[PDB]
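Q: Shown below is the structure under consideration.
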Amino acid sequence: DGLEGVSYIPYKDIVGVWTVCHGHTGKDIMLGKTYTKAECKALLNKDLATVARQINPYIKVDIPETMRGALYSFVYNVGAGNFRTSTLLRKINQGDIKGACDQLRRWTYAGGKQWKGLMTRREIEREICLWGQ
């Protein structure tokens, strides 16, 4: 029972890049292969671990494990080099969770990319914002 909006067979995106599962790209993709749900989750695990490797040095405080997972999903979608990522991490490091929530809530109705992964953008907002309350 495949998830809505997940392609289990690799396809070329608009800019010509092979993609599969939760927006996975990379030289590891097997063209023509029908991926299982478990394999798609393994690719997501691999991609989020890569995000974590990039941003962990910039997370300087202990945070709830749910907030951590939310941050990895955020960065996976928005990009580690985006100023939005830098400002979000800085606010969390400072304990300005309300400020982090405010930042995220500007984008609630943007509605751009398909958010990739098993979390939704609203779930990320909820995770950070519910700690600000």
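Going through the structure tokens in order, the chains are called A, B, and so on, while each chain numbers its residues from 1 and the ligands are numbered from 1 in the order shown.
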Tell me which protein, DNA and RNA residues are within 8 Å of residue A:121, counting only C-alpha atoms, leaving out same-chain ones fewer than 6 positions away, and put them as a PyMOL selection string.
A: chain A and resi 74+108+115
Q: Write out as a list in words the residues lying within 9 Å of residue A:61, counting only C-alpha atoms and excluding same-chain residues fewer than 4 positions away.
A: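 Here the qualifying residues turn out to be residues 92, 93, 94 and 95 of chain A.
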Q: With the cut-off set at 8 Å and counting only C-alpha atoms, tabulate each residue of stretch 61-95 of chain A with an atom at most that distance from an atom of stretch 34-52 of chain A, showing the nearest atom pair and its distance in Å to one decimal, ordered by chain and increasing number, as a tab-separated table.
A:
residue	atom	partner	partner_atom	distance
A:72	CA	A:48	CA	6.1
A:73	CA	A:48	CA	7.1
A:75	CA	A:51	CA	6.9
A:76	CA	A:51	CA	6.3
A:80	CA	A:51	CA	7.6
Q: Go ahead and write the residues just picked, N, CA and C atoms, as a short mmCIF file (atom, residue, chain, number, x, y, z; two decimals), in the first residue's frame.
A:
data_model
loop_
_atom_site.label_atom_id
_atom_site.label_comp_id
_atom_site.auth_asym_id
_atom_site.auth_seq_id
_atom_site.Cartn_x
_atom_site.Cartn_y
_atom_site.Cartn_z
N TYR A 72 15.53 18.16 11.27
CA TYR A 72 16.16 17.47 10.15
C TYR A 72 15.23 17.50 8.94
N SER A 73 13.94 17.29 9.17
CA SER A 73 12.95 17.38 8.08
C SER A 73 12.91 18.78 7.46
N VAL A 75 15.34 21.04 7.36
CA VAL A 75 16.54 21.34 6.59
C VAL A 75 16.61 20.51 5.30
N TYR A 76 16.12 19.28 5.37
CA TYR A 76 16.08 18.41 4.21
C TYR A 76 15.28 19.10 3.10
N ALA A 80 20.36 23.41 3.86
CA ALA A 80 21.23 23.80 4.97
C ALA A 80 21.88 25.16 4.77
#
Q: For residue A:100, list every protein, DNA or RNA residue within 9 Å, evaluated using only C-alpha atoms, and leave out those in the same chain fewer than 6 positions away; present the list as a PyMOL selection string.
A: chain A and resi 87-92+128-129+132
Q: For residue A:69, which of A:56, A:15, A:133, A:20 is the closest residue, counting only C-alpha atoms?
A: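 For residue A:69, the nearest of the candidates is A:56.
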Q: How far is it from atom CA of residue A:86 to atom CA of residue A:59, in Å with one decimal?
A: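 Computed distance, atom CA of residue A:86 to atom CA of residue A:59, equals 10.3 Å.
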Q: When you count only C-alpha atoms, which of these residues is closest to residue A:117: A:21, A:12, A:82, A:71?
A: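 Closest candidate: A:21.
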Q: Between atom CA of residue A:31 and atom CA of residue A:113, measure the distance and give it in Å to one decimal.
A: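 So the answer is 23.6 Å.
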Q: Looking at A:103, A:77, A:66, A:85, which one is nearest to residue A:22, with distances taken over only C-alpha atoms?
A: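 Of the candidates, the smallest distance to residue A:22 is held by A:77.
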Q: DSSP on the backbone: what in chain A comes out alpha helix (DSSP H), as an MDAnalysis selection string?
A: chainID A and resid 37:55 65:78 83:94 97:105 121:132
Q: Could you take the residues named above and write them with C-alpha atoms, as a compact mmCIF listing (two decimals), in the first residue's frame?
A:
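File written: result_3.txt
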# COMPACT_ATOMS: atom_id res chain seq x y z
CA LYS A 37 8.17 1.12 1.14
CA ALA A 38 10.97 -0.10 3.44
CA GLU A 39 13.58 0.77 0.83
CA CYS A 40 12.12 4.25 0.42
CA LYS A 41 12.32 4.71 4.19
CA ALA A 42 15.92 3.52 4.15
CA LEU A 43 16.76 6.18 1.55
CA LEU A 44 15.06 8.80 3.70
CA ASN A 45 17.04 7.61 6.71
CA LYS A 46 20.21 7.99 4.66
CA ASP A 47 19.28 11.50 3.52
CA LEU A 48 18.27 12.73 6.97
CA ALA A 49 21.51 11.33 8.46
CA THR A 50 23.35 13.40 5.87
CA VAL A 51 21.42 16.48 6.91
CA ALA A 52 22.15 15.72 10.56
CA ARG A 53 25.85 15.39 9.83
CA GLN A 54 25.76 18.88 8.29
CA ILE A 55 23.73 20.70 10.92
CA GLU A 65 14.10 14.40 20.31
CA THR A 66 10.86 15.36 18.53
CA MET A 67 12.17 18.86 17.87
CA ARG A 68 15.40 17.36 16.53
CA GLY A 69 13.55 15.15 14.05
CA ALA A 70 11.51 18.18 12.99
CA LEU A 71 14.67 20.18 12.34
CA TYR A 72 16.16 17.47 10.15
CA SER A 73 12.95 17.38 8.08
CA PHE A 74 12.96 21.17 7.82
CA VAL A 75 16.54 21.34 6.59
CA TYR A 76 16.08 18.41 4.21
CA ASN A 77 13.35 20.45 2.52
CA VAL A 78 14.61 24.02 2.83
CA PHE A 83 19.40 31.84 5.66
CA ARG A 84 16.09 30.46 6.95
CA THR A 85 17.98 27.47 8.33
CA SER A 86 20.68 29.64 9.89
CA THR A 87 18.18 31.92 11.62
CA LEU A 88 16.07 29.01 12.85
CA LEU A 89 19.06 27.26 14.45
CA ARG A 90 20.30 30.48 16.02
CA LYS A 91 16.91 31.12 17.66
CA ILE A 92 16.78 27.60 19.06
CA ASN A 93 20.34 27.88 20.40
CA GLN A 94 19.29 31.09 22.14
CA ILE A 97 11.48 29.04 20.71
CA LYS A 98 8.72 31.62 20.33
CA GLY A 99 10.88 33.40 17.76
CA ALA A 100 11.51 30.12 15.94
CA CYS A 101 7.78 29.44 15.89
CA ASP A 102 7.10 32.94 14.54
CA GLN A 103 9.60 32.36 11.73
CA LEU A 104 8.01 29.08 10.67
CA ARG A 105 4.52 30.53 10.83
CA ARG A 121 5.34 20.89 7.28
CA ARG A 122 2.48 21.44 9.72
CA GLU A 123 3.88 18.69 11.97
CA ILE A 124 7.18 20.57 12.07
CA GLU A 125 5.41 23.82 13.00
CA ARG A 126 3.49 22.02 15.70
CA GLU A 127 6.61 20.46 17.14
CA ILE A 128 8.50 23.74 17.49
CA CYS A 129 5.52 25.95 18.35
CA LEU A 130 4.08 23.71 21.04
CA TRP A 131 7.34 24.14 22.95
CA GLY A 132 7.08 27.92 22.67
Q: Enter the distance from atom CA of residue A:25 to atom CA of residue A:8, in Å, rounded to one decimal.
A: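 For atom CA of residue A:25 relative to atom CA of residue A:8, the distance reads 12.8 Å.
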